[PDB]
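Taken one at a time, structure 1 and structure 2 that follow are two forms of one protein chain, written as structure tokens.
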Structure 1
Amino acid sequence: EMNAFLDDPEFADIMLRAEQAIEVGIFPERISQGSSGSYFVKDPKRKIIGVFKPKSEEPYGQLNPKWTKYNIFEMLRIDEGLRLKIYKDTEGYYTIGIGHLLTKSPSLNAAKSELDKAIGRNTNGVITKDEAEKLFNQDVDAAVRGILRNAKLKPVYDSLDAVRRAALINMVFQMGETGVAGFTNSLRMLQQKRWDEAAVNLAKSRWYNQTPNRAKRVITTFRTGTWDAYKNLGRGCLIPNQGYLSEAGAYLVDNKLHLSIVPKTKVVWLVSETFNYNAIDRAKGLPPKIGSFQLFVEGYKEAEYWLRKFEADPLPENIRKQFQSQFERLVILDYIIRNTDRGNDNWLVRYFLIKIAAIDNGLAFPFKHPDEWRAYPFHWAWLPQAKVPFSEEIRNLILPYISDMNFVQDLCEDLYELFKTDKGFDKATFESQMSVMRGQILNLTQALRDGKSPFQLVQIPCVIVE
């Protein structure tokens, strides 16, 4: 019984039912959709009682069973970056997604017309992550067609395996076919599978000197033929492979402030043959897996679904007021923990006549503010509701808490006791995380003090509090 020392008697009852179900052969069911290993946990009556996310099956965990996670779109997301709103590229042309040129024209409305044509709907200059990936994969097909039409590159491309082909395509995106064709000796070595010799002359170039970090990852990919160079980068600001602690931390922040938008989430252990174990463990009796356990909610849908409905069919005033107060709680939760991956699909709405459930809280608590505020924005700040000033209700509930030193100290101590669970816990890195959180709390205190809006809140310069 690994879960003998839980601090929540009601939650401990849930875990007991989960273990009883496993003892009788009712195992947690792996979920097919996600980019990581998540499981619907059942009770002895085959009822879903929670969602379990093992640490080892996180997107870059060593036992993540969803191999479709490693693809060219995710490769270029790290190397080039993803933007879901129209922007201007290095050469001043309108662009969206991962470097997808919309038009050479300086007219913005021309860019939106082309964007609506490519996506297939009225986007108004904003697309979803899935739409960007579909657009990106269309660019990849075009790039491959050009490679196969190029006499210098096609024989190399045919010889390369799938992983190394992504590396070659990566170079084509960055510098074009002509630029890649200039790596004469490296291309010949790659075709001969002399990886190390190819890497030597890949590093003797303008490309390696101008963008060394991206080039080193691409060159390492050529050397190994694996995706190891893109694993556990933590987006440059997160502790790698600690999503389970971020999930549990988000509820911990929620519960202290009584936001009641994050379902109860705790760090627990579970044994189940449906988990992904290595060969050694399975032949043995399986070792428990540590991960986050979140209670199951029902009746919810992606916020993107309900937001589009409300734009064409506005809510009645009383319901709209309730939705805004729920939205404010989401804003406060995401800002304090500095969530880096809250898209308008990662939070759920049920339509208390309307309720918000905050899930997928695995990519929060960075140890530093992101260098590019445009790289990981709070995507709910692009909604019209983000410009409504914080209600007097939310300020009377939150300001007394966050303006008190003991509350902030207790919250930091609670997060310490939780985050120290991980094998890779580092005291200095944790103190960086709290300095970032205190800076977020400081800005939030000022924003509520000045009656600002969520849109104005995210514009305050980020800061750390030592």
Structure 2
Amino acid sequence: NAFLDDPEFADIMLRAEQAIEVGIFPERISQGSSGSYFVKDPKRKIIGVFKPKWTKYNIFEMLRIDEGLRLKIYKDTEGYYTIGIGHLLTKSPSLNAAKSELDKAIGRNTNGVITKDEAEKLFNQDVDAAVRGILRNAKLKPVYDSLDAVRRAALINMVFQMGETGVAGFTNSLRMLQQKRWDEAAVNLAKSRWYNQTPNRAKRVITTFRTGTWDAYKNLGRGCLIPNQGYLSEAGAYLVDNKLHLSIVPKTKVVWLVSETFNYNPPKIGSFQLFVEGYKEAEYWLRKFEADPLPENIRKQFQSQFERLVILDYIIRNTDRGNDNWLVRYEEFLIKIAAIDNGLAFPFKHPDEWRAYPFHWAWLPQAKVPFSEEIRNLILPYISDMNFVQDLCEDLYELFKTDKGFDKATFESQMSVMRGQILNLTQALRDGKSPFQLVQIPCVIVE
């Protein structure tokens, strides 16, 4: 914990260690999923928040992903009774009717509950039924026969979902596939009730028809954040704040601490953010201002604090900003924002928009106010300076490369996302837009 360049922070870390030496330990903030601690000094005063640091693809795996696995009867998209891996039991609203159909299919009295092996057995039968539907059908067989194996799986998938008659209705789409007009078929297929009803699944299936690859199935749920590097995201947010002089992130650094109160299986690395006093959740003050609106001078100061927050979150592409984890202090500044809890930023890619990770401040009426001339003149000279942006990237490299799991390609991905954010923010500030308009702009990267 040498902080040669920041003696003020060093002395805070020294008070922390001295309190631990005399038994005063960090306490979990919330007793349950404790990964956060209030660190105290010798006088038992809170001074900081410490946060310690072969798949086989085929029609079976494809449909497992699209249909999931339930062991008890549930309702589906439409609402019909279903179990296992997308096995439709009956159209009837009668739950007893469903349990009856189930008991026939399984060969015992299930009462609407089966095992994994029974689920998998029904699954196999259903895939076989689908292939039978295909081969017995005059419009489908010729198409099926003409396709490679991966595209054949896409077609089985559709038949499994919609039934043989349903898929046979895609007369022109089917002919297009058979002529190997992949792009045209893909376009035509998206213009369907099928797609509109289940657009995420349809999109995966159509991508498979279009490419003859498993690419729409390969990376699901990988997310957009590098794993187990929240402590560096916390430190990185403060680094960005400081370089732009935003002054809304409390000082946050990577430190080592040892404490009995930590969860061990020996110093632990993690982020240490200075504790700020007298703040409430933004949502609390937003509620209070409905009855007691801010006088113009303070409304103006608040909106310039807000603009700083927006600039921070946009540049680091925060994926986790709610209106509970930016804080506001209100009784030099008359009103002040603290941007805390910055552990889920610097993604290595823009989100896929199946999960949008929106900024919750974007829902606020305030977000539709254009950026002030004040903020524009302060920030534009930095972010439009390519030298400044390079130096920022170099600063973040020096911080991020310290982690055992660091990977150069992934970091350069993080930076191409960040540089993209900065480019869009530059244009938005030049265009005199609002935070709300800013978040509309399609995402770009700088390669």
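Here, a residue number simply tells you its place in the sequence of structure 1, counted from 1. Only residues modelled in both forms are compared. Here the rigid core means the biggest group of C-alpha atoms that line up within 1.5 Å when the two forms are laid on top of each other.
Engineer: Hey, after the core superposition between the two structures, which of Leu252, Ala111, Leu259, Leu363 has the C-alpha moving 2 angstroms or more?
Structural biologist: C-alpha shift of at least 2 Å: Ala111.
Engineer: Quick check on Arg374: with the core superposed, does its CA move 2 angstroms or more between the two structures?
Structural biologist: Passes the 2 Å threshold, so yes.
Engineer: With a threshold of 2 Å on the C-alpha, tell me if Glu273 counts as moved between the two structures once the core is superposed.
Structural biologist: No.
Engineer: For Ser36, is the C-alpha shift between the two structures 2 Å or more after core superposition?
Structural biologist: After core superposition, the displacement of the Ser36 C-alpha between the two structures reaches the 2 Å mark, so yes.
Engineer: Check the Cα of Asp422 between the two structures on a core superposition and give its shift in Å.
Structural biologist: Its C-alpha position differs by 1.2 Å.
Engineer: How many Å does the Cα of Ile86 travel between the two structures when the structures are matched on their rigid core?
Structural biologist: It moves 27.8 Å at the C-alpha.
Engineer: After fitting the core, how far does the CA of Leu442 move between the two structures, in Å?
Structural biologist: Here the C-alpha difference is 0.1 Å.
Engineer: Rigid core superposed, please list the runs of 3+ consecutive shared residues whose C-alphas all move by 2 Å or more between the two structures.
Structural biologist: In sequence order, the runs that relocate between the two structures are 4 to 7, 33 to 36, 67 to 235, 311 to 313, 373 to 375.
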